[PDB]
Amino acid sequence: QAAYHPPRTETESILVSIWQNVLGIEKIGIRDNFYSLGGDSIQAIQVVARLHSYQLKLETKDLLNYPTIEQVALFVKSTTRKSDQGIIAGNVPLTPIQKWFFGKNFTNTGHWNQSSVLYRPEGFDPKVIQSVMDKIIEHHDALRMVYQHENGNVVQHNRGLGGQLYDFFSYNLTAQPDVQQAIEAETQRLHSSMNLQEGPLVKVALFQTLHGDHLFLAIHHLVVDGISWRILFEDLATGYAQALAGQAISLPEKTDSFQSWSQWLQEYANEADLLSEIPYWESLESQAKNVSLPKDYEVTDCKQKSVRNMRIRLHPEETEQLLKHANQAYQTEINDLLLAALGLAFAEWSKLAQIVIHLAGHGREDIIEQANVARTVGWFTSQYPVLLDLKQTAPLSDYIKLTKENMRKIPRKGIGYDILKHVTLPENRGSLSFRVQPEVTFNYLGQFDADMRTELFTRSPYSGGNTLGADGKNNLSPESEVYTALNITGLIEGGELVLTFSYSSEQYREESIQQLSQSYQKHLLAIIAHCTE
């Protein structure tokens, strides 16, 4: 790729240290390319967040455009803005995804969560866990959110301190061999216990066993997302190591509050930068209005109890090829290759000219000058329609370049559509109808190995239905409404890309989804082989 060059300045040596940490990589030179090390925009945000703790400033854009430490060190400035380090309290306007959430009027709205389980061979100290979670919920203000009704309207309120920060539970499983089902059953019960009006939105359970402890964490989706989880794992590891060393628990400086973010986004929603996007989104709505997804059984209003999860794994070799080597061929980003595979799959499996997919993005785009949310806990996730052309699948090189072209044309990684749909004043929405209702969701959460696998703890092998993706069966009420016909969710855990196809048995036969998922696997492997051959 390029020869090892050691750092030669304070700034370079700090960037090398940050990059080694964020990526899972032991020795990085200052001419090593961020993307060739497997970097993506989430890892770029993580570098920016860590830099902030040295009072050094960088935007996500700087890193991905100048993708080596030697180049990017020029753009590194001193932070001149200090974010609010105090207690955040009071009203927080509903952000776009929060308006979508409440708009769906889900049955058991209080049971719509993300979760994970951590494992520590040496066991966890319950007094330390409680000390660290205290500091975490004090520091990450949005976790203290509650949801009230004024006049049938939802009001989001950020509590101050002094109240219930989390519910803590301890289970002694040290004298029974059914640890695995005991964690599955107890975590399912805890998932059902979220009080949106009052109680905390964070559930913490220690399971003590003969051979190590597990720490379950469940958080209502309203106050968290995938980046937020990586920050929480970081502050859990830091705080735990600080307590073990007899040091005060002390977490990095706060970035901007979810409250301030949401407030600025209310303003952004009616400013020129976003409204410039309307002609793109109108063109998209015009070109997608008729597209429709075929099903095996015509059924209305499916529930999560009807949903089944079909998983595809790429082995470590093909995963590392995808993350590190594949993008170099056509200068793509990983979403270009994953969506190229998705197109080839729908072209094979269906007779449609075109498919509209609901794409998720991290949604921490630099849309607001002097906003920094690189280390802020909250639900920032964006969702936006993408039209995949299915007609022109050959040759493979043209279909990749075409997918890349489609993705490059989208304004500001699609964050604008949901702002237009849920916040922008009606009079500023041009002729947008917002009638595009994708029936296929694609959600690549990104990489978690460096966040979850630390010196103190790791991803529990008994995570079971407690996951960060929409596939974990414990995260949602069985009575919750299905919000997409095909939910395709993926992440990198244990060195492998794991893609789950979630579907209603009441809408599709298993066979139909085995064919779609086998087609996706075959074409993604062909893209990786093509790009690396």
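Numbers for residues come from their place in the sequence shown, where the first is 1.
Asker: Between 459-467 and 67-75, name whichever shows the higher mean Cα B factor according to the PDB entry.
Answerer: The recorded data point to 67-75.
Asker: Determine, for stretches 322-330 and 204-212, which one has the higher mean CA B-factor as deposited.
Answerer: The deposited B-factors put 322-330 ahead on the C-alpha mean.
Asker: Select one of 133, 347, 265, 452: the residue whose C-alpha shows the highest B-factor in the crystal structure entry.
Answerer: Top of the list by C-alpha B-factor: 347.
Asker: Among 377, 237, 244, 302, single out the one with the highest C-alpha B factor in the record, please.
Answerer: Top of the list by C-alpha B-factor: 302.
Asker: Which third of the chain does residue 481 land in by C-alpha B-factor: lowest, middle or highest?
Answerer: Highest third.
Asker: Relative to the other modelled residues of the same chain, rank the CA B-factor of residue 487 and answer lowest, middle or highest third.
Answerer: For residue 487, the deposited C-alpha B-factor lands in the middle third.
Asker: Should residue 13 be placed in the lowest, middle or highest third of its chain by the C-alpha B factor in the entry?
Answerer: For residue 13, whose C-alpha B-factor we compare with every modelled residue in the chain, the answer is the lowest third.
Asker: Quick one: classify residue 435 as lowest, middle or highest third of the chain based on its Cα B-factor.
Answerer: Residue 435: CA B-factor falls in the highest third of its chain.
Asker: By its CA B factor, does residue 61 count among the lowest, middle or highest third of the modelled residues in the chain?
Answerer: CA B-factor rank for residue 61: highest third.
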